[PDB]
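Some notes on the structure that comes next.
Numbering (the authors' numbering), first residue to last: 1 to 97.
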């Protein structure tokens with residue numbers, strides 16, 4: 001069992017905040033079935049500062065780890081293999097061991 005992978009998505013807020021900002025990528029994913037769509041109408045105007053993209057990412061892992069694996073394939077479906085590798089490179093092993 002790799003618990004570090006769960007921390008990768010939680011610590012990937014600074015990477016997604018600059019790369020993927022609360023948009024179709026984050027919305028089309030949550031509405032995909034991971035979390036109820038009712039949360040979308042809330043996040044739209046619930047947050048006010050950077051916390052907006054901070055609660056949207058935590059919500060992904062806050063539900064289950066299965067949604068985290070889908071987001072990796074959802075980005076590779078178009079052309080995000082660059083950033084997608086960043087997450088898939090820390091989920092399994094770190095670097096040395």
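For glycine and all other residues, C-beta sits at the position ideal for the given N, C-alpha and C.
Quiz item: Three or more beta-carbon pairs under 8 Å between the stretch 17 to 36 and the stretch 46 to 64, yes or no?
Solution: Because the criterion of three Cβ pairs below 8 Å is met, the stretch 17 to 36 and the stretch 46 to 64 touch.
Exercise. Would you check if the stretch 26 to 43 and the stretch 5 to 12 touch, i.e. whether three or more CB-CB distances between them fall below 8 Å?
Key: They do not touch, by the three-pair rule.
Self-check item: Among 95, 25 and 91, the one whose alpha carbon lies nearest that of residue 65
Solution: 91
Self-check item: residue 3: CB within 7 Å of a non-hydrogen atom of the ligand NAP
Solution: Questions concerning the ligand NAP fall outside what the structure shown contains, since it holds no ligand whatsoever.
Quiz item: Relative to the C-alpha of residue 41, which residue among 6, 93 and 27 is closest?
Solution: 27
Exercise. Going by CA-CA distance only, name the one from 23, 76 and 82 that's closest to residue 44.
Key: 23
Quiz item: Of all the alpha helix (DSSP H) runs that stay within the bounds of the stretch 39 to 64, which reach a length of 4 or more residues?
Solution: The stretch 39 to 64 contains these whole alpha helix (DSSP H) runs: 51 to 63.
Practice problem: Give the DSSP-derived three-state secondary structure of residue 78 in the structure shown. | Solution: Coil.
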